[PDB]
DNA sequence: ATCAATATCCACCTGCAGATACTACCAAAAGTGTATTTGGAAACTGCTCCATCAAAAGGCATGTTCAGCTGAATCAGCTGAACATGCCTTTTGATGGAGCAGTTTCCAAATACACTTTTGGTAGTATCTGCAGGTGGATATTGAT
DNA sequence: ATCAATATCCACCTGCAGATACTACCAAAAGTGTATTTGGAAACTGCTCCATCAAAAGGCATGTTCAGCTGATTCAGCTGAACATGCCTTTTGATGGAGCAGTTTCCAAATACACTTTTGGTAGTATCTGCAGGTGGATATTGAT
Ligand SMILES: [Mg+2]
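Chains as they are written, first to last, in the UniProt record's numbering: chain A, 15 to 120; chain B, 15 to 120; chain C, 32 to 126; chain D, 32 to 126; chain E, 22 to 103; chain F, 17 to 103; chain G, 39 to 136; chain H, 39 to 135.
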């Protein structure tokens, strides 16, 4: 027996995605390739987030990713920022940003 | 044979609404009161709007309701304006409103 | 050829109950259709979520009711829960 | 005690693949878990709405794909679509 | 005499929109800026409308394609179906 | 049961220093003194709205406990989706 | 030779256009713009009449709204003249940008 | 004796609190507030402590963002001091009011 | 510039919570393998309704003139930042009790399903009229003097 | 102030673009009779959640001082509003045919159902390690001079 994930060369669980597509009342029927695609798409986006988050961990001289690194990653990336424009990352804080007119002198 | 709508005291179609709930993937199963309730609520809201719309057409010396009347009726009502605050009513225009600071001094 | 179902009719009945001497344009009636479908989806989708959040498999009038309370403003929500509660009663109280 | 499932494992595999020396806090893992479930719903919802607009009882990988195109931004979509099409093609040619 | 399609959205027209919007006085840079904003709006809506089209295997953009695009861009429009 | 102290005027536990801190995370360098009461009013409305909805979920579930999911679902309705508490 | 003072016609136009509901962009140029824009996503496309009218109703509605906010932004800055900076603030705050 | 000039600690604080992520309102008072308000909606309610934290994570993020928009409104009117009218405009343009 | 006050920086260092590590049980998935059902792609094509274009229509490009708005400069007043000082309240971490979320086991009640009547609701067609424009003359508003 | 220029309002008229009305099928509601499914009603757990007590710090409230920001004032210059019209782009309305939509067909793909096998979750114990929070102490930053 091969999992459908391995069949598809995915880390993310294709079967579980299938079930959830069923139990979620999204449509009568579910084509056999939808969960496969979907689980692929989710796996891709979570690889994308982890990549940039890891980088932000390494920049702050850290080995373990915390929410602040996810927040830095998402908010410095144009597209993730948009995909997550109306989402709040608990314990993430904000990007350092001070409006220029507020800085001293001229 | 008696229409569930007439039983329920409603102009709005209880059957159709039961069907629409069945075929929109909202849930596996639908209770019997659910479409009565919903139909009643839809009719209600329709009434309240038509009522105010009517008045606005009456107020502008007219017997036929047009989109404009619906726009005046909705945006001058605090709660309908809220319920429909992210909706464009085609051919509605906007309420007469001029900021005071733009009005001529003398 | 094939049938295009609308509410454009129940609306007209309601218009007549409310303003018997008043009539309505094509476009106006189009808006009223959009409205009815919009609100239908809003209430249905919210009810659908409630039922799923509680692992229930049935959209009963209680979900409808809660959804109405979540979607509608104060008085609007309240006159509506009455009307809907009333309708279920009358339908039930009917041999 | 009931089995509460999550994507923690899939997330941790992928984390090792891209940063093999890097760990994740349980709070951050919670965030990731929210993120996946959120996007799941978003895609599955757009797909549901899509099939329904086109009177199909079936959500195929084609609907997933369009949904992705609707939901995600430019470059992310392009790449997600490739990874998807790739996983399907490979899966289909693996029984 | 050739011209850019976008410049088809004329200063008079723009000024009219502004007036419906209750604006009394308008800087001259507004017109170009307004054209850019309008362009980004249409790009966004049409991209999604056309996506709905292609999914349907159609060669025509239907007013539902548009209504559905508007909906999901949170610009819901009443009076064109749906 | 036996007693349970009356809650009143607890909006005033959103103190001026706390409000000042939130504004600094928000980038604000100088703060008019009427901001503190204005902020408190804006916050009270935000909280009532979220809680009203969250409790509506609690009530519908026939519970007497407001869960993090009740809150998480309320926030989503209200277009303030929150990651990090389930869902 | 009679002459209205600067602002008197403008106010007048507001009062007029707030009263009416006609579209204010000429149809053909709007329609050509739709098709230019659409060509970039897919070639050789046709548009239902109404599908182009829905867009025009949508844009016009959108833009008239943005001008309300834009105007409020000018008035905040103690002006009465709307500049692009006002449009940018409004869009920023609405969350369309930045 | 020593004195930092007006603004200088202000900018210090901004850097400090934009670098960190801890909740800025005290926990206990926030909790009371939550309980008061809920109590006015329904009596005899209990709260998962995480529900209260979700609320506080959410409120604080909401306001920090309101203060960003509020600030841009001040700077748009060539001030550096945020005022109630700034909050009011930001909220209007967001569609809150 | 030069000098002193203090905030900032960073790097090493121990206690420890929170992370990772097994181990093992197993219950709930997920998979595998027939038997069964059908959704929708595929092909054919009828007929809306969309692109194209000719003549009719009326909105807009233009350049000049100066009203009044914007933005710069100055400045007096007073508001809000900084900070020192006094101590109240939140934080932290116990401990008990119970109010209540969370399950499981049995049915009566409710809702789905396959099959047949019986309309209510739609498309296609047939009358019917509200009001969009037109004109005429009184009346109001604006701006010059 | 009065007086002219011109915009606005109001009363009345009338053809026809667009309502409302009528008819006649028929898809899909309703009625009927079994075939599942479900949401509790009771009846128990182990939790989390509430309450409360005591110690302690860590932040809050307050009053004083005055730096510098806001808003008032004044003003010159620049920049957008108002202006008349024929050139030209848009509007209107008539006409082939592109393709949307109607229909029918059938099999590759879906559900369904009963097995068989595996994995992901948790819970019991065990180990570990990243880094939070404390420590000087060497390197800025700021503001008085
Ligand atoms: Mg109270």
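By construction, the Cβ of each residue, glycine as well, lies at the ideal position given by its N, Cα and C atoms.
Report the partner residues of residue i according to the DSSP bridge assignment.
{"i": "residue 102 of chain B", "result": "E:98"}
{"i": "residue 43 of chain B", "result": "C:89"}
{"i": "residue 133 of chain H", "result": "Looking at the DSSP assignment, residue 133 of chain H forms no beta bridge with any residue, so it has no partner."}
{"i": "residue 81 of chain F", "result": "H:84"}
{"i": "residue 46 of chain F", "result": "H:119"}
{"i": "residue 78 of chain A", "result": "D:54"}
Determine the chain H residues that contact residue i at a beta-carbon separation under 8 Å, and present them in chain order.
{"i": "residue 86 of chain F", "result": "89"}
Residues of chain F with CB under 7 Å from residue i, in chain order?
{"i": "residue 119 of chain H", "result": "46, 47 and 48"}
{"i": "residue 116 of chain C", "result": "The contacting residues do not exist; residue 116 of chain C stays about 15 Å from chain F at best."}
Run through chain A and tell me which residues come within less than 7 Å of residue i, C-beta to C-beta.
{"i": "residue 41 of chain B", "result": "39"}
Since I believe residue j is in contact with residue i (beta carbons under 8 Å), could you give me their beta-carbon distance rounded to a whole number of angstroms?
{"i": "residue 48 of chain H", "j": "residue 41 of chain F", "result": "So it is not a contact: roughly 13 Å between Cβ atoms."}
{"i": "residue 19 of chain F", "j": "residue 81 of chain C", "result": "With a Cβ gap of about 36 Å, residue 19 of chain F and residue 81 of chain C do not count as contacting."}
{"i": "residue 39 of chain B", "j": "residue 37 of chain D", "result": "Incorrect: roughly 25 Å between the Cβ atoms, too far for contact."}
{"i": "residue 55 of chain D", "j": "residue 43 of chain D", "result": "7 Å"}
{"i": "residue 59 of chain F", "j": "residue 62 of chain H", "result": "Not quite, the Cβ-Cβ distance comes to about 12 Å (not below 8 Å), so this is no contact."}
Show which residues of chain E have a CB atom less than 8 Å away from the CB atom of residue i.
{"i": "residue 207 of chain C", "result": "Nothing about residue 207 of chain C can be reported from this structure: the residues present for chain C run from 32 to 126 only."}
Please compile the residues from chain E whose C-beta is within a distance smaller than 7 Å of the C-beta of residue i.
{"i": "residue 55 of chain C", "result": "Per Cβ cutoff of 7 Å: no residues; residue 55 of chain C is ~13 Å from chain E at best."}
{"i": "residue 85 of chain C", "result": "By Cβ distance, chain E contributes nothing, its closest Cβ being about 27 Å from residue 85 of chain C, past 7 Å."}
{"i": "residue 97 of chain D", "result": "72 and 76"}
How long is the line joining the alpha carbons of residue i and residue j, rounded to whole angstroms?
{"i": "residue 89 of chain B", "j": "residue 95 of chain B", "result": "5 Å"}
{"i": "residue 92 of chain C", "j": "residue 71 of chain A", "result": "50 Å"}
{"i": "residue 62 of chain E", "j": "residue 59 of chain C", "result": "26 Å"}
{"i": "residue 49 of chain E", "j": "residue 87 of chain G", "result": "33 Å"}
{"i": "residue 74 of chain A", "j": "residue 57 of chain D", "result": "19 Å"}
{"i": "residue 109 of chain C", "j": "residue 100 of chain C", "result": "8 Å"}
{"i": "residue 134 of chain H", "j": "residue 120 of chain C", "result": "38 Å"}
{"i": "residue 80 of chain F", "j": "residue 55 of chain B", "result": "28 Å"}
{"i": "residue 60 of chain H", "j": "residue 102 of chain A", "result": "14 Å"}
Against residue i, what residues of chain G qualify as contacts under a CB-to-CB distance less than 7 Å, listed in chain order?
{"i": "residue 104 of chain B", "result": "95"}
{"i": "residue 25 of chain B", "result": "Here the premise fails: no neighbours, minimum Cβ distance about 28 Å."}
Which residue marks the beginning of the alpha helix (DSSP H) containing residue i, and which one marks its end?
{"i": "residue 69 of chain A", "result": "48-73"}
{"i": "residue 37 of chain B", "result": "28-37"}
{"i": "residue 25 of chain F", "result": "Careful: residue 25 of chain F lies outside any alpha helix (DSSP H) and carries neither H nor E."}
{"i": "residue 27 of chain D", "result": "Summary: the structure shown does not reach residue 27 of chain D, with chain D confined to residues 32 through 126, and so no result is reported for it."}
{"i": "residue 32 of chain D", "result": "Careful: residue 32 of chain D lies outside any alpha helix (DSSP H) and carries neither H nor E."}
{"i": "residue 103 of chain H", "result": "87-114"}
{"i": "residue 46 of chain G", "result": "46-57"}
{"i": "residue 109 of chain A", "result": "Here residue 109 of chain A belongs to no alpha helix (DSSP H), and DSSP marks it neither H nor E."}
{"i": "residue 74 of chain G", "result": "65-77"}
{"i": "residue 48 of chain D", "result": "39-49"}
{"i": "residue 82 of chain B", "result": "81-89"}
{"i": "residue 123 of chain C", "result": "105-123"}
{"i": "residue 76 of chain F", "result": "51-76"}
{"i": "residue 39 of chain G", "result": "Per DSSP, residue 39 of chain G belongs to no alpha helix (DSSP H) and is neither H nor E."}
Using a C-beta to C-beta distance shorter than 9 Å, which residues of chain E count as neighbours of residue i?
{"i": "residue 61 of chain C", "result": "99, 100, 101 and 102"}
{"i": "residue 65 of chain C", "result": "88, 97, 98, 99, 100, 101, 102 and 103"}
Identify the contact partners of residue i in chain C, using a Cβ-Cβ distance below 9 Å as the criterion.
{"i": "residue 100 of chain B", "result": "The contacting residues do not exist; residue 100 of chain B stays about 10 Å from chain C at best."}
In chain A, what lies closer than 9 Å to residue i by C-beta?
{"i": "residue 88 of chain D", "result": "41, 42 and 43"}
List the residues of chain A that residue i touches, going by C-beta distances under 8 Å, in chain order.
{"i": "residue 80 of chain H", "result": "Neighbours of residue 80 of chain H on chain A: none; closest Cβ ~26 Å, over 8 Å."}
Using the beta-carbon of each residue, which ones in chain D are nearer than 8 Å to residue i?
{"i": "residue 68 of chain A", "result": "46, 49, 50 and 53"}
Say the cut is 7 Å; is the CB of residue i nearer than that to a heavy atom of ligand 2?
{"i": "residue 77 of chain H", "result": "No copy of ligand 2 appears in this structure; the ligands present are ligand 1."}
At a CB-CB cut-off below 7 Å, which residues of chain C make contact with residue i?
{"i": "residue 93 of chain F", "result": "101"}
Using a C-beta to C-beta distance shorter than 8 Å, which residues of chain G count as neighbours of residue i?
{"i": "residue 63 of chain E", "result": "71, 72, 75, 93 and 97"}
By the criterion of Cβ-Cβ separation under 8 Å, what are the contact partners of residue i in chain C?
{"i": "residue 69 of chain F", "result": "101"}
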